[PDB]
Amino acid sequence: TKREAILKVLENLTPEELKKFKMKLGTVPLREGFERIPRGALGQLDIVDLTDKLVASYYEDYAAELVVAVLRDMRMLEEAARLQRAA
């Protein structure tokens, strides 16, 4: 149910808002022991696979923190707060 929360919120993004979201998530520095997903692999991922891939890579809590943070950094803070509260 954090997985579905990420999904919903991502699905609310215009496809322009999405590319941007994806592009900047791919530059966020990560806690030790976690690996970035290369931006190319990232780009050819639909919303659902993107969501799962984040959760597989970073686990549910971290993945949500990451997303929130990339959103806040996008100033999309309704969607940020929704997810935030949703987790």
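No value in this document is a laboratory result; all are computed from the given coordinates. Cβ coordinates were reconstructed from backbone atoms using ideal geometry, including for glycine residues, and neighbour counts include every protein chain displayed.
With a cap of 13 neighbouring Cβ atoms within 10 Å, and only residues DSSP puts in a loop, list the GluC sites (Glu not before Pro) found in region 14-87.
Here the GluC sites (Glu not before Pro) that fit, given the DSSP loop and packing criteria, are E32, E35.
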Exercise. Go through region 1-47 and name the trypsin sites (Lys or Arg not before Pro) that are in a DSSP coil and have 15 or fewer other Cβ atoms within 10 Å of their Cβ.
Key: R31, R36
Quiz item: For region 73-87, what does the Karplus curve 6.51 cos²θ - 1.76 cosθ + 1.60, with θ = phi - 60°, yield as ³J(HN,Hα) per residue in whole Hz, taken in order and with x for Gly and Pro?
Solution: 4, 7, 6, 7, 8, 5, 4, 4, 6, 4, 4, 3, 5, 4, 10
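Could you work out the equivalent-ellipsoid semi-axes for the chain, taking the square root of 5 times each eigenvalue of the Cα gyration tensor, largest first, in whole Å?
17, 15, 13
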Quiz prompt | Spin-label model distance (nm) - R36 vs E65, 7 Å beyond Cα toward Cβ | solution = 1.9
Practice problem: Please work out the Cα center distance from region 42-87 to region 24-40, rounded to the nearest Å. | Solution: 13
Quiz prompt | Separation in nanometres of the label points that stand 7 Å from Cα toward Cβ, at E4 and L45 | solution = 2.2
